[PDB]
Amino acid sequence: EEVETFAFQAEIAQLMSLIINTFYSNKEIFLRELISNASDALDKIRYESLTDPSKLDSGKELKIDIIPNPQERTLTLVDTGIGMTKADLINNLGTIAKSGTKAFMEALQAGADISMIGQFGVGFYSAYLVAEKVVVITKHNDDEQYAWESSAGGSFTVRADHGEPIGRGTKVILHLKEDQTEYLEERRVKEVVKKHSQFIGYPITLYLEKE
């Protein structure tokens, strides 16, 4: 459909540049942060479903799938959580991330570690430790399916997605940088998940490569 391009908030662009440009070997933290976000989104639909059960008509299973695709050089995290509205994508989430971003940057200047990004609520952006491009497909009840995409550089796009319906939730598609293909391997993904994400209350299925 028609693609709309937007500038990130100045503070968010700056955090993204920092994540992309800083020498920082502990890149695997991205996966814990994205799992955390997926888990939060599942909590939200589960909670809402307690006062409006019809919110689960778009899909009853609450789960997280992690899917490596070597041929495409993608690692995808799929959740069946609440999903994001257009307003979330374009404005609202970035608006709330502003204050967390500022505090995190301040902590970094005062000697904090990039692994504390989650404690500031802006862990999503750690995706850029490993991805050159992130595509996000998302569907909230009573809104339509959207595709968001950013290769950083200060901007992102949003468009109506006409791909396969996901029913409800979010797919985070990480287009990995060339030297980060370890996150496509079985043992590596399992090792990182076990390490950092032991106590998440929804089933996480780590899919295997077919070839």
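Take the two forms, superpose them, and find the largest set of C-alpha atoms that agree within 1.5 Å; that set is the rigid core. One-based numbering along the sequence shown.
Per-stretch RMS Cα distance to the displayed form in 9 other deposited structures of this protein, following rigid core alignment, is highest for 93 to 101 when 77 to 85 and 93 to 101 are compared. Between stretches 170 to 178 and 23 to 31, greater average Cα displacement in 9 other deposited structures of this protein relative to the shown form, fitted by the core, falls on 23 to 31. Look at the C-alpha B-factors of 177 to 185 and of 38 to 46. On average they run higher in 177 to 185. Averaged over Cα atoms, the B-factor as recorded in the entry is higher for 158 to 166 than for the other of 158 to 166 and 23 to 31. In this entry, the residue among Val134, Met116, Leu77, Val122 with the greatest C-alpha B factor is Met116. Of the residues listed, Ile82, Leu89, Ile96, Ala127, the entry assigns the biggest Cα temperature factor to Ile96. Among the modelled residues of its chain, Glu61 has a C-alpha B-factor that falls in the middle third according to the deposited record.
In the PDB entry, a CA B factor belonging to the lowest third of its chain's modelled residues is recorded for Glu149.
Among the modelled residues of its chain, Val3 has a C-alpha B-factor that falls in the highest third, as given in the PDB entry. Ranked by C-alpha B-factor against the other modelled residues of its chain, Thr138 falls in the lowest third.
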